[PDB]
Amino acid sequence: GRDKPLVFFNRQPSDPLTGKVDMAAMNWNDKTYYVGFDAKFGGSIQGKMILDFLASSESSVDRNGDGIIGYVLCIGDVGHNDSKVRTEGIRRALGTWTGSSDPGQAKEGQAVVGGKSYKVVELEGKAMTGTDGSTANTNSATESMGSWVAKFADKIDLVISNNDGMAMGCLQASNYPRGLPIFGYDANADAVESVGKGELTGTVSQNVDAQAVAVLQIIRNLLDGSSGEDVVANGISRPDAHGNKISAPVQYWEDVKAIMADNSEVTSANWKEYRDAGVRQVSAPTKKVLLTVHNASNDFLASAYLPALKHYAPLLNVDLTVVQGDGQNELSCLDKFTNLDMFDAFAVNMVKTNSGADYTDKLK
């Protein structure tokens, strides 16, 4: 029970307001870990991508020619540290950062367009909450983009979004101005193709494939009887006995027990570039893993993360039982987190980042 591996992933145990890491949950046992990505670095990368685009642009990106680069921001999960730090990244990059990641918290910024200085204004930063309470709702993004165009019109010079889902949702707007620069995050399949079409201007890969392998590989190492650095290194930062290794670069953060993949920008200049050859068939005995997903209709998890898991799982001889919640209530997941005695290891993607206790309670 409490002696088995527990790997949190994609939603780090943490306080949804202050973002401080929940080390109580992380210190569940000596076989507990988190797998994710360097979210803060990812945030600055999204910002840098936007600054580089503006820098290479002519003064035509200033549509109304008022000398101000106006933008609208799609805020996602305000209880998710990885999401908010993207709002922080782009705001810092553009000079609109005031210390808060909340909607309506922005000052006048500054950026270079065609070797000239420009004022920057966040016309509106809004949380795209669905009428059913669902966060980062894509239909709400379409709705908001429609109103924004009607309200601000020629003032909007670009669109920014915490993820691809909402960004691709903006593009659904019937009145979306042809060619309006817009940026997302995740490098979902549809988003990358959109970059190739010259619609979506750019997005960011968080190396989801590296993350998926890392979850399985850590469990693999632990069930093979590894301890210490071997657990977080073998098949991850160095080759294991089988010879397998995650190709993308990965860091281990000891203080928070986290394996973090890095990020890379995706633009018109490199979209064609976007499975791991460094992972091939394992001979180790098969093991049973119960893996949860906080929301079955989550675009990133449904379209990118889960397929990755189901691809690499048999290669590492991990028989994966997948259960999925609704994104609203932790009970939608916790209800399916049962028969824990019939499993060798566990992977948890929580609805709320502060719900660590509820999962470790069941494992007693």
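Quick note: we count residues from 1 along the sequence shown, nothing fancier.
Participant: Count of coordinate-less deposited residues separating residue 274 and residue 275, as none, 1 to 3, 4 to 9, or 10 or more?
Facilitator: The entry has a gap there, with 4 to 9 residues left out between residue 274 and residue 275.
Participant: If you average the CA temperature factors over each stretch, which comes out higher, 204-212 or 118-126?
Facilitator: The recorded data point to 118-126.
Participant: Per the entry, where is the mean C-alpha temperature factor higher: 329-337 or 66-74?
Facilitator: Stretch with the greater average CA B-factor: 329-337.
Participant: Based on the PDB record, which member of 82, 88, 143, 164 exhibits the highest Cα temperature factor?
Facilitator: Among 82, 88, 143, 164, the PDB entry lists the largest C-alpha B-factor for 143.
Participant: Of the options 109, 169, 278, 184, which has the highest CA B factor as deposited?
Facilitator: Highest C-alpha B-factor among the listed residues goes to 278.
Participant: Using the temperature factors of the C-alpha atoms in this entry, rank residue 354 within its chain: lowest, middle or highest third.
Facilitator: It belongs to the highest third of the chain when residues are ordered by C-alpha B-factor.
Participant: Sort the modelled residues of this chain by their C-alpha B factor and say whether residue 14 lands in the lowest, middle or highest third.
Facilitator: Middle third of the chain for residue 14's C-alpha B-factor.
Participant: Please place residue 290 in the lowest, middle or highest third of its chain by C-alpha B factor as given in the entry.
Facilitator: Answer is middle: the recorded C-alpha B-factor places it there.
Participant: Is the Cα B-factor recorded for residue 257 in the lowest, middle or highest third of its chain?
Facilitator: According to the entry, residue 257 has a C-alpha B-factor in the chain's middle third.
Participant: Within this chain's modelled residues, let me know which third the CA B factor of residue 38 belongs to: lowest, middle or highest.
Facilitator: It belongs to the lowest third of the chain when residues are ordered by C-alpha B-factor.
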